[PDB]
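Text of the file work-v7.cif, holding mmCIF, C-alpha atoms:
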data_work
#
loop_
_atom_site.label_atom_id
_atom_site.label_comp_id
_atom_site.auth_asym_id
_atom_site.auth_seq_id
_atom_site.Cartn_x
_atom_site.Cartn_y
_atom_site.Cartn_z
CA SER H 1 -14.93 -6.13 0.16
CA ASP H 2 -13.26 -9.29 -1.16
CA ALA H 3 -12.63 -12.04 1.40
CA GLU H 4 -12.07 -11.26 5.08
CA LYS H 5 -10.86 -8.14 6.90
CA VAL H 6 -7.29 -7.81 8.16
CA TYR H 7 -6.94 -6.76 11.81
CA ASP H 8 -4.02 -5.64 13.97
CA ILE H 9 -3.17 -7.41 17.24
CA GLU H 10 -5.54 -5.08 19.10
CA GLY H 11 -8.49 -6.35 17.09
CA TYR H 12 -8.89 -3.18 15.03
CA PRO H 13 -8.98 -3.12 11.23
CA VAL H 14 -5.70 -2.42 9.45
CA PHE H 15 -6.27 0.84 7.59
CA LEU H 16 -4.70 1.94 4.33
CA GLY H 17 -2.39 4.89 4.96
CA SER H 18 -1.85 4.18 8.64
CA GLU H 19 1.45 3.08 10.17
CA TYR H 20 1.99 -0.55 11.21
CA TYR H 21 4.89 -2.69 12.36
CA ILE H 22 4.98 -6.11 10.68
CA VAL H 23 6.25 -8.56 13.29
CA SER H 24 6.51 -12.31 13.68
CA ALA H 25 3.28 -13.97 14.80
CA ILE H 26 3.22 -16.12 17.93
CA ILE H 27 3.14 -19.24 15.74
CA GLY H 28 6.05 -17.87 13.74
CA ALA H 29 9.66 -18.98 14.04
CA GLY H 30 10.66 -16.22 16.45
CA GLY H 31 12.11 -12.76 16.05
CA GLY H 32 10.66 -9.28 15.81
CA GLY H 33 9.65 -6.90 13.03
CA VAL H 34 11.20 -5.82 9.73
CA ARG H 35 13.40 -2.95 8.58
CA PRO H 36 15.67 -2.02 5.69
CA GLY H 37 19.02 -3.76 6.08
CA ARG H 38 22.52 -3.93 4.63
CA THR H 39 22.83 -5.75 1.31
CA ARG H 40 25.71 -8.24 1.01
CA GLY H 41 28.08 -6.26 -1.21
CA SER H 42 26.39 -2.85 -1.27
CA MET H 43 26.91 0.48 0.48
CA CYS H 44 23.18 1.19 0.28
CA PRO H 45 20.93 -0.85 2.62
CA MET H 46 18.13 -1.89 0.28
CA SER H 47 17.35 -5.37 1.60
CA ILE H 48 14.59 -6.05 4.11
CA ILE H 49 15.58 -7.97 7.22
CA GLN H 50 13.71 -9.31 10.21
CA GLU H 51 14.84 -8.45 13.73
CA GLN H 52 16.37 -11.33 15.69
CA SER H 53 14.76 -10.13 18.93
CA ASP H 54 11.00 -10.05 19.47
CA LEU H 55 11.71 -6.89 21.49
CA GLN H 56 12.39 -5.02 18.25
CA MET H 57 9.34 -4.32 16.13
CA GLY H 58 11.45 -2.87 13.32
CA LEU H 59 10.47 0.10 11.14
CA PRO H 60 6.78 0.88 10.44
CA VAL H 61 5.23 0.61 6.96
CA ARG H 62 2.08 1.96 5.39
CA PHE H 63 -0.12 0.08 2.95
CA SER H 64 -1.72 1.58 -0.15
CA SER H 65 -4.11 0.29 -2.81
CA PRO H 66 -4.64 1.03 -6.52
CA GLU H 67 -8.41 1.09 -5.97
CA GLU H 68 -8.86 3.37 -2.96
CA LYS H 69 -6.89 6.00 -1.03
CA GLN H 70 -8.52 5.14 2.30
CA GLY H 71 -10.40 2.28 3.89
CA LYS H 72 -10.10 -1.06 5.64
CA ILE H 73 -7.78 -3.73 4.30
CA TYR H 74 -9.22 -7.07 3.20
CA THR H 75 -7.34 -10.28 2.53
CA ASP H 76 -6.50 -11.34 -1.01
CA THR H 77 -6.66 -7.76 -2.34
CA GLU H 78 -3.97 -5.78 -4.20
CA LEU H 79 -1.60 -3.75 -2.06
CA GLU H 80 1.65 -1.82 -2.28
CA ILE H 81 3.93 -1.41 0.75
CA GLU H 82 6.45 1.24 1.82
CA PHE H 83 8.52 1.91 4.92
CA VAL H 84 7.79 5.23 6.61
CA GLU H 85 11.51 6.15 6.47
CA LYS H 86 14.10 5.55 3.74
CA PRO H 87 17.90 5.67 3.42
CA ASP H 88 19.30 8.74 1.65
CA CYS H 89 21.01 6.52 -0.91
CA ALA H 90 17.61 5.16 -1.94
CA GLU H 91 15.11 7.21 -3.92
CA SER H 92 12.14 5.53 -2.21
CA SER H 93 11.25 3.08 0.55
CA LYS H 94 8.65 1.20 -1.50
CA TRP H 95 8.82 -2.61 -1.29
CA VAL H 96 9.75 -4.31 -4.57
CA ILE H 97 10.80 -7.73 -5.82
CA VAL H 98 14.35 -8.06 -7.14
CA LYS H 99 15.30 -11.21 -9.03
CA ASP H 100 18.92 -11.54 -10.11
CA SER H 101 20.16 -14.75 -8.51
CA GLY H 102 17.58 -17.42 -9.29
CA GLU H 103 16.08 -16.57 -5.90
CA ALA H 104 13.88 -13.45 -5.75
CA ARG H 105 14.16 -11.21 -2.70
CA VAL H 106 12.08 -8.41 -1.25
CA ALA H 107 13.94 -5.10 -1.38
CA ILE H 108 13.13 -1.40 -1.26
CA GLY H 109 13.60 1.24 -3.92
CA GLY H 110 12.20 1.39 -7.43
CA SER H 111 13.48 1.65 -11.00
CA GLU H 112 15.83 4.39 -9.85
CA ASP H 113 17.39 2.10 -7.25
CA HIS H 114 17.69 -1.15 -9.22
CA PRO H 115 18.27 -2.14 -12.85
CA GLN H 116 14.86 -2.26 -14.57
CA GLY H 117 15.42 -5.83 -15.77
CA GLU H 118 15.89 -6.98 -12.18
CA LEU H 119 12.53 -5.77 -10.89
CA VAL H 120 9.40 -7.92 -10.96
CA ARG H 121 6.21 -5.88 -11.36
CA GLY H 122 3.14 -6.89 -9.39
CA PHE H 123 1.17 -6.42 -6.16
CA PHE H 124 1.34 -7.70 -2.59
CA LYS H 125 -1.55 -9.29 -0.74
CA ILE H 126 -2.21 -10.23 2.86
CA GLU H 127 -3.60 -13.72 3.41
CA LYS H 128 -5.07 -15.10 6.63
CA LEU H 129 -2.94 -17.87 8.17
CA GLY H 130 -5.43 -19.22 10.66
CA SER H 131 -6.90 -17.02 13.36
CA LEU H 132 -3.54 -16.23 14.94
CA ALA H 133 -1.54 -15.12 11.91
CA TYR H 134 -1.27 -13.67 8.44
CA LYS H 135 1.29 -13.94 5.66
CA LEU H 136 2.28 -11.68 2.81
CA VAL H 137 2.29 -12.90 -0.78
CA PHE H 138 3.45 -11.33 -4.02
CA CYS H 139 1.50 -11.69 -7.26
CA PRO H 140 3.52 -11.02 -10.43
CA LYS H 141 1.82 -9.12 -13.25
CA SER H 142 2.67 -11.53 -16.07
CA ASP H 143 2.05 -14.54 -13.84
CA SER H 144 -1.69 -13.81 -13.85
CA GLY H 145 -2.96 -16.66 -11.70
CA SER H 146 -0.29 -17.33 -9.08
CA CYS H 147 1.30 -15.60 -6.08
CA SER H 148 4.42 -16.52 -4.11
CA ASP H 149 4.66 -16.44 -0.31
CA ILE H 150 7.02 -14.02 1.36
CA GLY H 151 9.31 -16.00 3.64
CA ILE H 152 12.55 -15.58 5.58
CA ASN H 153 15.96 -16.68 4.36
CA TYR H 154 17.70 -17.66 7.58
CA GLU H 155 21.43 -16.97 7.21
CA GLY H 156 22.22 -14.69 10.12
CA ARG H 157 20.59 -11.80 8.30
CA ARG H 158 16.98 -13.07 8.24
CA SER H 159 16.20 -11.37 4.94
CA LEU H 160 12.77 -11.42 3.29
CA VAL H 161 12.52 -13.45 0.11
CA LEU H 162 9.93 -15.02 -2.18
CA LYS H 163 9.44 -18.75 -1.56
CA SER H 164 8.88 -21.27 -4.37
CA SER H 165 6.63 -23.42 -2.18
CA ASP H 166 3.78 -22.43 0.14
CA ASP H 167 5.12 -24.33 3.14
CA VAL H 168 7.50 -21.73 4.55
CA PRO H 169 5.77 -18.35 4.79
CA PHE H 170 6.88 -15.68 7.25
CA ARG H 171 3.99 -15.71 9.74
CA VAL H 172 3.14 -12.19 10.84
CA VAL H 173 0.75 -9.94 12.73
CA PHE H 174 0.28 -6.18 12.47
CA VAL H 175 1.02 -3.76 15.29
CA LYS H 176 0.07 -0.09 15.39
CA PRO H 177 2.85 2.11 16.78
CA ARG H 178 2.16 4.21 19.88
CA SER H 179 1.35 7.89 19.38
CA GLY H 180 -0.84 10.71 20.67
CA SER H 181 -0.68 14.39 19.75
CA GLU H 182 1.77 13.69 16.92
CA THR H 183 3.94 10.92 15.46
CA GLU H 184 7.18 12.55 14.30
CA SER H 185 7.87 10.51 11.17
#
As structure tokens:
Amino acid sequence: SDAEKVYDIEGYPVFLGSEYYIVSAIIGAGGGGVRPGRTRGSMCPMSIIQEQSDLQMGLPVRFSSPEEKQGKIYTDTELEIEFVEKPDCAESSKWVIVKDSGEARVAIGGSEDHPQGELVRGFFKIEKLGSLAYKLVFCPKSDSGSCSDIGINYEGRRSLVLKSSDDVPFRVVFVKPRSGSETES
């Protein structure tokens, strides 16, 4: 329920709990998928970067919801995101918002990986960006009544950040990884 259903590029619903690559949509600004990446000035890669090549779909993620453990994903509904793999220096691969430079960025790891005061509590949501794309948004807890678009900060590292305006979202589509009898990690 709530709005419209979110589908992968194959036309199938995006399911909570299943693995999906998040890659740049055809109407995007180029590039591939996302993955944890090196943080400028840190030994532990806790930033999220977008691949420069559309040949690289990045690392898969799985979506979860505070209302149901399974089911189809609908736009404009609360979601939490996590990569299916995490660095050993991080306690988790969950996506979080870290604000400590005027400009909030999307990172991985929770309260055990970042100073509490730096994290911004809230939920993610997937919004439809036409019929050829989607975009991710983050809705702060305290800011009850406003969500910021997730966009790319182009600086050679294509890192994911929260945009102040809604004119520069990272346009994406969802791709299910290939499998069969088993999907080792």
Looking at only C-alpha atoms, which of H:95, H:7, H:21, H:174 is the one that sits closest to residue 75 (chain H)?
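Using only C-alpha atoms, residue 75 (chain H) sits closest to H:7.
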Run the PyMOL selection byres ((chain H and resi 146) around 12) mentally over the shown coordinates, then write out the matched residues as a ChimeraX atom specification, using the chain letters and numbers from the document.
/H:76,122-125,137-145,147-149,164-166
Keeping C-alpha atoms, export the residues of the selection given above as a PDB file, in the coordinates of the input.
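Contents of the output file part.pdb:
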ATOM      1  CA  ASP H  76      -6.500 -11.340  -1.010  1.00  0.00           C
ATOM      2  CA  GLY H 122       3.140  -6.890  -9.390  1.00  0.00           C
ATOM      3  CA  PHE H 123       1.170  -6.420  -6.160  1.00  0.00           C
ATOM      4  CA  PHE H 124       1.340  -7.700  -2.590  1.00  0.00           C
ATOM      5  CA  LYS H 125      -1.550  -9.290  -0.740  1.00  0.00           C
ATOM      6  CA  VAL H 137       2.290 -12.900  -0.780  1.00  0.00           C
ATOM      7  CA  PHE H 138       3.450 -11.330  -4.020  1.00  0.00           C
ATOM      8  CA  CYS H 139       1.500 -11.690  -7.260  1.00  0.00           C
ATOM      9  CA  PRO H 140       3.520 -11.020 -10.430  1.00  0.00           C
ATOM     10  CA  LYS H 141       1.820  -9.120 -13.250  1.00  0.00           C
ATOM     11  CA  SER H 142       2.670 -11.530 -16.070  1.00  0.00           C
ATOM     12  CA  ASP H 143       2.050 -14.540 -13.840  1.00  0.00           C
ATOM     13  CA  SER H 144      -1.690 -13.810 -13.850  1.00  0.00           C
ATOM     14  CA  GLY H 145      -2.960 -16.660 -11.700  1.00  0.00           C
ATOM     15  CA  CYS H 147       1.300 -15.600  -6.080  1.00  0.00           C
ATOM     16  CA  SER H 148       4.420 -16.520  -4.110  1.00  0.00           C
ATOM     17  CA  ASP H 149       4.660 -16.440  -0.310  1.00  0.00           C
ATOM     18  CA  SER H 164       8.880 -21.270  -4.370  1.00  0.00           C
ATOM     19  CA  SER H 165       6.630 -23.420  -2.180  1.00  0.00           C
ATOM     20  CA  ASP H 166       3.780 -22.430   0.140  1.00  0.00           C
TER      21      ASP H 166
END
If the PyMOL selection byres ((chain H and resi 22) around 7) is run on the structure shown, which residues does it catch, given as a PyMOL selection string?
chain H and resi 20-21+23+33-34+172-175
I need the residues from that last selection saved to file as a PDB file, keeping the file's coordinate frame (with C-alpha atoms), if you can.
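The resulting out27.pdb:
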ATOM      1  CA  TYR H  20       1.990  -0.550  11.210  1.00  0.00           C
ATOM      2  CA  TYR H  21       4.890  -2.690  12.360  1.00  0.00           C
ATOM      3  CA  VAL H  23       6.250  -8.560  13.290  1.00  0.00           C
ATOM      4  CA  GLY H  33       9.650  -6.900  13.030  1.00  0.00           C
ATOM      5  CA  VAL H  34      11.200  -5.820   9.730  1.00  0.00           C
ATOM      6  CA  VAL H 172       3.140 -12.190  10.840  1.00  0.00           C
ATOM      7  CA  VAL H 173       0.750  -9.940  12.730  1.00  0.00           C
ATOM      8  CA  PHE H 174       0.280  -6.180  12.470  1.00  0.00           C
ATOM      9  CA  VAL H 175       1.020  -3.760  15.290  1.00  0.00           C
TER      10      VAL H 175
END
Contact residues around residue 50 (chain H) with only C-alpha atoms at 9 Å, ignoring same-chain residues under 4 positions, as a ChimeraX atom specification
/H:23-24,31-37,57-58,152,157-160
For a cut-off of 8 Å around (-1.2, -0.5, -3.9), file coordinates, pick out all residues using only C-alpha atoms and list them as a ChimeraX atom specification.
/H:63-67,78-81,123-124
Of the candidates H:114, H:121, H:40, H:128, which one gets nearest to residue 74 (chain H) if we count all atoms listed in the file?
H:128
From (-5.7, -2.4, 17.2), in the file's coordinates, out to 12 Å: which residues are reached, counting only C-alpha atoms? Answer as a ChimeraX atom specification.
/H:6-15,18-21,173-178
Next, write the just-selected residues to a file, as a PDB file, in the coordinates of the input, keeping C-alpha atoms as the atom set.
ATOM      1  CA  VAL H   6      -7.290  -7.810   8.160  1.00  0.00           C
ATOM      2  CA  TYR H   7      -6.940  -6.760  11.810  1.00  0.00           C
ATOM      3  CA  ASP H   8      -4.020  -5.640  13.970  1.00  0.00           C
ATOM      4  CA  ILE H   9      -3.170  -7.410  17.240  1.00  0.00           C
ATOM      5  CA  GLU H  10      -5.540  -5.080  19.100  1.00  0.00           C
ATOM      6  CA  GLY H  11      -8.490  -6.350  17.090  1.00  0.00           C
ATOM      7  CA  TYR H  12      -8.890  -3.180  15.030  1.00  0.00           C
ATOM      8  CA  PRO H  13      -8.980  -3.120  11.230  1.00  0.00           C
ATOM      9  CA  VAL H  14      -5.700  -2.420   9.450  1.00  0.00           C
ATOM     10  CA  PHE H  15      -6.270   0.840   7.590  1.00  0.00           C
ATOM     11  CA  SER H  18      -1.850   4.180   8.640  1.00  0.00           C
ATOM     12  CA  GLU H  19       1.450   3.080  10.170  1.00  0.00           C
ATOM     13  CA  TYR H  20       1.990  -0.550  11.210  1.00  0.00           C
ATOM     14  CA  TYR H  21       4.890  -2.690  12.360  1.00  0.00           C
ATOM     15  CA  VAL H 173       0.750  -9.940  12.730  1.00  0.00           C
ATOM     16  CA  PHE H 174       0.280  -6.180  12.470  1.00  0.00           C
ATOM     17  CA  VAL H 175       1.020  -3.760  15.290  1.00  0.00           C
ATOM     18  CA  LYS H 176       0.070  -0.090  15.390  1.00  0.00           C
ATOM     19  CA  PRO H 177       2.850   2.110  16.780  1.00  0.00           C
ATOM     20  CA  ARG H 178       2.160   4.210  19.880  1.00  0.00           C
TER      21      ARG H 178
END
Can you give me, as a PDB file with C-alpha atoms, in the coordinates of the input, the residues this file yields under the PyMOL selection byres ((chain H and resi 105) around 8)?
ATOM      1  CA  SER H  47      17.350  -5.370   1.600  1.00  0.00           C
ATOM      2  CA  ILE H  97      10.800  -7.730  -5.820  1.00  0.00           C
ATOM      3  CA  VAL H  98      14.350  -8.060  -7.140  1.00  0.00           C
ATOM      4  CA  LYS H  99      15.300 -11.210  -9.030  1.00  0.00           C
ATOM      5  CA  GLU H 103      16.080 -16.570  -5.900  1.00  0.00           C
ATOM      6  CA  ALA H 104      13.880 -13.450  -5.750  1.00  0.00           C
ATOM      7  CA  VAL H 106      12.080  -8.410  -1.250  1.00  0.00           C
ATOM      8  CA  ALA H 107      13.940  -5.100  -1.380  1.00  0.00           C
ATOM      9  CA  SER H 159      16.200 -11.370   4.940  1.00  0.00           C
ATOM     10  CA  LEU H 160      12.770 -11.420   3.290  1.00  0.00           C
ATOM     11  CA  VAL H 161      12.520 -13.450   0.110  1.00  0.00           C
ATOM     12  CA  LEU H 162       9.930 -15.020  -2.180  1.00  0.00           C
TER      13      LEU H 162
END
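Within the 9 Å cut-off around residue 46 (chain H), using only C-alpha atoms and omitting residues fewer than 6 positions from it on the same chain, the listed residues are residues 36, 37, 38, 39, 87, 89, 90, 93, 107, 108, 109 and 113 of chain H.
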From the options H:185, H:2, H:43, H:73, which residue's atoms come nearest to residue 59 (chain H), counting only C-alpha atoms?
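Result for the nearest residue to residue 59 (chain H): H:185.
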From the options H:41, H:84, H:133, H:126, which residue's atoms come nearest to residue 150 (chain H), counting only C-alpha atoms?
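Of the candidates, the smallest distance to residue 150 (chain H) is held by H:126.
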Please report, as JSON, the centre and edge lengths in Å to one decimal of an axis-aligned box covering all listed atoms of region 149-164 of chain H with 6 Å per side.
{"center_x": 13.4, "center_y": -16.3, "center_z": 2.9, "size_x": 29.6, "size_y": 21.9, "size_z": 26.5}
